[PDB]
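S.K.: Below is the structure, and that's it, no one-letter string:
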Ligand SMILES: Nc1ncnc2c1ncn2[C@@H]1O[C@H](COP(=O)(O)OP(=O)(O)OP(=O)(O)O)[C@@H](O)[C@H]1O
Ligand SMILES: Nc1ncnc2c1ncn2[C@@H]1O[C@H](COP(=O)(O)OP(=O)(O)OP(=O)(O)O)[C@@H](O)[C@H]1O
Ligand SMILES: Nc1nc(O)c2nc(CNc3ccc(C(=O)O)cc3)cnc2n1
Ligand SMILES: Nc1nc(O)c2nc(CNc3ccc(C(=O)O)cc3)cnc2n1
Ligand SMILES: [Ca+2]
Ligand SMILES: [Ca+2]
Ligand SMILES: [Mg+2]
Ligand SMILES: [Mg+2]
Ligand SMILES: [Mg+2]
């Protein structure tokens, strides 16, 4: 009552659940809440994947809302961290200050939660969910104050359900709560510069009780599923075991006891731009536009932006979902044009593309056929000018953001998040072919990428926006490139982006309507070799399709799309039991 | 003492096992034996696959100087064999001229031979069974003739597994060398023979029918299961199929050994062993419908691009195709094939590439065309898109005195103009499969080796696009059979796609076919018939490389 509003500069760890039932807008809704959490509550230092969830039993006013928000009373800083001691403390069970709110014991907690569960069960006797967890390092003093601010956040969004799953190591159950409008105003005022009055009203009745941990933490698969991504090793006093063990037990008991595969209807989601993609449900084509190549393979000396943009339109028409544009070549032994800059190679092209795209009259005819744009850069300044001018959706960083970790701050704005490809390499175009010694090739690269994701996620990059790339041909011998492909299954839990297109390791596999469009006249021998190389990669397209690789980065968009279209058709069975049924019918003659 | 040489012309049914241990020449050796069986013993009316089982050129001369049989060789096609049906049931047959033993005695004497052998014992075998409708009076006469065949071949083991419904165990067989001569002379115009008979005198110690090991060797049951799965001899507990099954299940549940792992089914394209399901072979298409010289360099191009087989045709069978009144099928294909043979032989210079010779396949349904091909040794394979139903007489051309040819049997209905309308099937996948099986049964009854017959579902031929796809989706129904498919550049590919502008459609088609090549690789299709050989080879090499695990 008293210590709730004391001016003690406190640092706490809370774990939240963010849920919505609105599919079309699931991303916008949940990311808006992420922003409001970052703004009003503290620092997001962990996230789970996004998930489409089936429950246990079985407009654009946000835009304007974001423009006119009350400033926080706390400093926002986008600075990078490589660790967070209070988080470390929370994950172990290190000594933390005693709860200012009154705690219950374990047994009393479990009885109160069970009561809520049986009570909600009963009421029910008389939709898809979209879910994400977050860990917040928070300046709010207690879960009751936090819930008040969360209730404010919900109301601001005018559809969204934000729950507190954990708050430090506290065990709390507060049975009856009637906060006067007076009290709400004072909690809010401690954290927000308040203007605005119509909101506090709805809030009064909304907080009936407080349960920490949340009543449903152990009961809802969808929560265990999300927590398992973030904090698998966490054990709270109330819990029988670690998050991971509880998660695994839930899965195997649904199998053993009810004959259900609980994974079937609880789908991991990743995000490329602003829409839901179901992990492993589609192999997307990323069409390659290398401006250097496109311009100077000629033997020419001038960039040709119009030719560049034409090519971008061609690849869209050929069925690319993403275009990857770059102006810094990174293939073996390539010296760049040292006279024209990366920025001048790509930005004009992207600017012209934006202009041509916009020169289209549509209101319901053709509005969402826009390709996602990826920029192959490691360069902060280039990426910054692109996002400032809305030229791109995705950072493709072949250094996994180690060239300049600050580029990571650019993947976040007040209202926008951007997705990012992290790739493994060693060395540069001139050195990489000799940097080939690995203790454990497959796991070294996996562990490297996971460490990078952990770093991005610590810095509040949403987990579902980070894609992995093993970097074929980049400090790998041909046999190693193959081995990475043979062992691609190790990425079955992750959004996977690969680039094999026209690389040397394909030719190493080998013992006419030409698919290589010659830039200069080639010999017959070489045309054949190019043909084999492009066809060799269509083999990897097939392999990728069957391995459920999420994105493939290719020069030959029409060819690749033709392959994926036929594999998709063969896979779409009209009736999934017809083969046994037809067989039995034939035996019965 | 001579009821054996009785002139009562009889028709019996015998089941033989042919075995060799020479892998490199297994086909030549076993097929040599088949020829000699057809010549000396009667008519082959059933064969198993060839199998590799875990337990040189004087032949060419031999085949040129054989003594004639005294019995006739009739080639007319048959559709039924009464004696065989009698044998498949345990129908009533004439009493054995050799004295029979009962089950108990047989089982006792067999067990005696096995145990005596188990302790004597304390490389791969190539095996094949055949059913022979035989003019030989009795199993002992047959063994005499068989030992002669083995001696002629100078390497080969030929056993009598069954002979009618007889149960026989004869212990201490001594045959005077004059009696062996007399038996031989009853079936063969003996014209060297006389320093061969003396070898034989040692050989026949005893005669067991069924053969001692019939029910005890997996390799035997494996072959018999192909031919006569439902057959139950008096002296056996269960039918062939049950004995086979209860040997696979025993070996799994008693040893954790998959017996199928070491025992490989074989098919033959030309003259070498192919392990079923172990390679996706490329068949390059040559449509001569094209000037001979050009056609032939195209053939050489395709070999160099990695085609195992070249399929030449001079009759288009694609939809609504306009025929050529100007030049006959014969005049299109035969000169090309003649020039190829000549051009290939002129590369006798590069003697080191004498085994790089492609298998040649002719896409025809026309007896006259095929007859000219085989007479002039221009081809190895008949690709008959009618499954040999258009003119069944062509089946007679798949055999010579010292040669067998392989055949692709394809399913279709109607003709190029009507096929698009003949699209109603009660059970598309099983109708086509059953049809191909019926065709195979007809050829096998007619003495075509089972292991030389390839199945083809006929994509695009009396199938709507979705039906073509459905066949592909359900290609696993051919897991037991050598499978040949042709998808290359067919309309159904374009139908999969989402939606020099014709060269756009053309490229999509080629690329869509490369997807089917990938699918086929993984489904272990034995042969794929394609236009774009370099492209297909590139796909297969990469997929193969990915499958190959190193250290
Ligand atoms: N940890 C918690 N987080 C959020 N609400 C909580 C918590 N503990 C108790 N509550 C209470 O539960 C209610 C939250 O209602 P909400 O609209 O989020 O959906 P619900 O399904 O009814 O509740 P819950 O959040 O318990 O699942 C409020 O009355 C709130 O006081
Ligand atoms: N049904 C039969 N077929 C072949 N040989 C038989 C048969 N019954 C008995 N035999 C005898 O077995 C001999 C076969 O010896 P072979 O050189 O084939 O080696 P094996 O495998 O030890 O013999 P078997 O074929 O009897 O198992 C014949 O010469 C004959 O004495
Ligand atoms: N995310 C991502 N993933 C790639 O795989 C990639 N590749 C290139 C091109 N770089 C190479 C590297 C190696 C080779 C060879 O060995 O042939 C060729 C080209 C550029 N951007 C890329 N971006
Ligand atoms: N064994 C065999 N197997 C084939 O599949 C095949 N196809 C053709 C060519 N025939 C067609 C049929 C249909 C289509 C279409 O729908 O486009 C095109 C060509 C010729 N010989 C063939 N021989
Ligand atoms: Ca913040
Ligand atoms: Ca005969
Ligand atoms: Mg709630
Ligand atoms: Mg191309
Ligand atoms: Mg023997």
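M.R.: Now that the structure is in, tell me what you want to look at. Numbering: from 1, shown residues only, chains lettered A, B, ... in the order given. Ligands and ions are numbered 1, 2, ... in the order given.
S.K.: Now do stretch A:518-535: everything it contacts.
M.R.: If you take CB atoms under 8 Å, 6 or more residues apart in numbering or on different chains as the criterion, stretch A:518-535 is touched by A:297-299, A:502, A:506-507, A:510, A:512, A:514-516, A:555-556, A:559, B:514, B:534-539. Every residue, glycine included, has its C-beta placed from N, CA and C.
S.K.: Give me the buried entries from the residues you listed.
M.R.: Listed as buried from the contacts of stretch A:518-535 are A:502, A:506-507, A:510, A:515-516, A:555-556, A:559, B:514, B:534-539; burial here means 16 or more other CB atoms under 10 Å in any protein chain shown.
S.K.: Inside helices: which ones of those?
M.R.: Cross-referencing the buried ones among the contacts of stretch A:518-535 against helices under DSSP state H gives A:506, A:507, A:559, B:514, B:534, B:535, B:536, B:537, B:538, B:539.
S.K.: Would you confirm that the second one contacts residue A:536?
M.R.: This means residue A:507. Yes: shown here, residue A:507 and residue A:536 form a contact pair, counting by CB atoms under 8 Å, at 7.2 Å.
S.K.: about what we covered before: want to try CSV for the ones in helices among the buried ones among the contacts of stretch A:518-535, with distance to ligand 9 as columns?
M.R.: Output for those, formatted as CSV (distance: CB to the ion, whole Å):
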residue, distance to ligand 9
A:506, 52
A:507, 52
A:559, 57
B:514, 49
B:534, 49
B:535, 50
B:536, 44
B:537, 44
B:538, 48
B:539, 46
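S.K.: May I see the residues you listed arranged in TSV, with distance to ligand 1 as well?
M.R.: Shown next, in TSV, are these (distance: CB to the nearest ligand atom, whole Å):
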residue	distance to ligand 1
A:506	53
A:507	58
A:559	51
B:514	52
B:534	63
B:535	58
B:536	58
B:537	60
B:538	57
B:539	53
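S.K.: residue contacts, the residue in the stretch 51-200 of chain A positioned nearest to ligand 3?
M.R.: Residue nearest to ligand 3 within the stretch 51-200 of chain A (CB to the nearest ligand atom): residue A:80, separated by 22.3 Å. Neighbouring residues of residue A:80 by CB under 8 Å, 6+ apart: A:405, A:406, A:408, A:409, A:459.
S.K.: switch to 10 Å and redo it
M.R.: Each residue near residue A:80 by CB atoms under 10 Å, 6 or more residues apart in numbering or on different chains is listed here: A:405, A:406, A:408, A:409, A:455, A:458, A:459.
S.K.: How about residue A:445?
M.R.: Neighbour list for residue A:445: A:423-425, A:438, A:468-471, A:475-476, A:480, A:484, A:487, A:490-491 [criterion: CB under 10 Å, 6+ apart].
S.K.: re earlier: pick out whichever of the ones in helices among the buried ones among the contacts of stretch A:518-535 sits closest to ligand 7.
M.R.: Nearest to ligand 7 out of these is residue A:559 (CB to the ion; 49.6 Å).
S.K.: which residues does that closest one contact?
M.R.: Residues in contact with residue A:559 (CB under 10 Å, 6+ apart) are A:318, A:515, A:534-535, A:537-538, A:541, B:507-508, B:510-512, B:514.
S.K.: Check the gap between it and ligand 4 for me.
M.R.: From residue A:559 over to ligand 4 the distance is 20 Å, taken as CB to the nearest ligand atom, to the nearest Å.
S.K.: Identify the residue spatially nearest to that residue, adjacent ones excluded.
M.R.: Using CB to CB, 6 or more residues apart in numbering or on different chains and skipping residues adjacent in sequence, the residue nearest residue A:559 is residue B:511, 4.5 Å away.
S.K.: Would you agree residue A:312 is in contact with residue A:320?
M.R.: Yes: judged on CB atoms under 10 Å, residue A:312 makes contact with residue A:320 at a distance of 8.9 Å.
S.K.: quick one: common contacting residues for those two?
M.R.: Shared contacts of residue A:312 and residue A:320 (CB under 10 Å, 6+ apart): A:287, A:289, A:371.
S.K.: looking at it, the second one is touching residue A:326, isn't it?
M.R.: Put plainly, it is residue A:289. Yes: when contacts are counted by CB under 10 Å, residue A:289 is listed as touching residue A:326 (7.3 Å).
S.K.: thought residue A:548 was touching residue A:494?
M.R.: No: counting by CB under 10 Å, residue A:548 stays clear of residue A:494, with 11.2 Å between them.
S.K.: any common contacting residues for these two?
M.R.: What both residue A:548 and residue A:494 touch, as defined by CB under 10 Å, 6+ apart, is the set A:279, A:280.
S.K.: what touches both of residue A:289 and residue A:326?
M.R.: Contact criterion CB under 10 Å, 6+ apart; residues shared by residue A:289 and residue A:326: A:346, A:374, A:376.
S.K.: so what's the first one up against?
M.R.: Contact criterion CB under 10 Å, 6+ apart gives A:289-292, A:303, A:305, A:308, A:325-328, A:375-377, A:379, A:382, A:385-386, A:391-392 as the residues in contact with residue A:346.
S.K.: Let's see that with 7 Å instead.
M.R.: Contacts for residue A:346 (CB atoms under 7 Å, 6 or more residues apart in numbering or on different chains) come out as A:291, A:325, A:326, A:327, A:375, A:382.
S.K.: How about the last one?
M.R.: The neighbours of residue A:376, taking CB under 7 Å, 6+ apart as the test, are A:324, A:325, A:326, A:396, A:398.
S.K.: And those residues, which two are furthest apart?
M.R.: Using CB to CB, the contacts of residue A:376 span at most 13.7 Å, a distance reached by A:325 and A:398.
S.K.: I'd assumed residue A:538 was in contact with residue A:506.
M.R.: No: applying CB atoms under 7 Å as the test, residue A:506 and residue A:538 come out as separate, 10.1 Å apart.
S.K.: Near ligand 8, which residues of chain A? Just list them.
M.R.: Within chain A, the positions near ligand 8 by CB under 5 Å from the ion are A:515, A:556.
S.K.: got the end-to-end distance for stretch A:406-416?
M.R.: 17 Å (CA to CA, to the nearest Å).
S.K.: same thing with stretch A:359-371?
M.R.: Start-to-end, stretch A:359-371 (CA to CA) is 15 Å.
S.K.: got the domain boundaries for chain A?
M.R.: The record, using automatic domain parsing to delimit domains, assigns chain A the ranges A:3-270, A:276-571.
S.K.: The last one and ligand 3, any residue contact?
M.R.: Yes: taking CB under 6 Å from any ligand atom as the criterion, domain A:276-571 and ligand 3 are in contact, through A:330-332, A:376, A:396, A:398, A:421, A:423, A:469, A:471-474, A:497, A:499, A:503-504, A:553.
S.K.: so how far is that domain from its chain's centroid?
M.R.: The chain centre lies 17 Å from the centre of domain A:276-571; the measure is CA atoms, centre = their mean, to the nearest Å.
S.K.: Briefly note if that domain comes near ligand 5.
M.R.: No: applying CB under 5 Å from the ion, one finds domain A:276-571 separated from ligand 5 by no less than 8.1 Å.
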